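Only one chain comes next, encoded as structure tokens, the form solved without the partner chain.
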């Protein structure tokens, strides 16, 4: 009943390199240099993608053409840590990165997975959001969380009171390299009512409560 745990999310600039570590939590893991370790990534909106693997005992590595020479998988017997290093990072590397292994020293069915390490590549810098209202004109309204970095942000409505009819959409990468996001709510046309969304970007310690008036 092995369980894998991965290191935390990392924000990198183009041209840099990153190293992600996979470990086993508890005493469920056995010898790390014993099993074959596989790394796969998942670009946004795309399907799973095999990057490469490492044989358990002899540690012979195999990579996919699209990453040849760009990636190094490794495993530390002494610390019981599996690593993946990807250099020359490109904005096309922004994706979820998974660690996996099977039961034997040779590659096979991936029985165990980590919860994923998100690696975001943006030449941007930590930047709090600007919140603009989406004024009403049943009715709809919301808040626009524009040009922030990096994810995520939390949107409430009337400090958590209003929670019905609400849709907070997933963020979107614009050319500018910053995150833009929308949060809406549908309300009775006959309302009188006063609405405010509460945006919070943790990195930048930004707390924003903008009202929406027609």
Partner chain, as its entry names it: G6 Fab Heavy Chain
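Residue numbers count along the first chain shown, from 1. We call the rigid core the largest set of C-alpha positions that still match within 1.5 Å between the two forms. Only residues modelled in both forms are compared.
The discussion below concerns the form deposited with the partner chain bound, not included here.
- Contact between residue 159 and the partner chain in the deposited complex is not found at the 4.5 Å heavy atom cutoff.
- Interface residue remark: residue 31 is counted as part of the site for the partner chain in the deposited complex, having a heavy atom within 4.5 Å.
- Residue contact check for residue 77: one or more of its heavy atoms lie within 4.5 Å of the partner chain in the deposited complex.
- The partner chain in the deposited complex is not approached by residue 155, whose heavy atoms all lie more than 4.5 angstroms from it.
- Residues from 83-105 that approach the partner chain in the deposited complex with a non-hydrogen atom within 4.5 Å are limited to 105.
- Compared between the shown form and the other one on the core, the listed residues 152, 30, 170, 165 keep their C-alpha shifts below 2 Å, save 30.
- In the deposited complex, the Cα-Cα separation between residue 7 and residue 28 grows by 3 Å or more relative to the displayed conformation.
- Comparing the forms between the shown form and the other one on their core, residues 24-34 form the single run of at least three in a row where every Cα shifts 2 Å or more.
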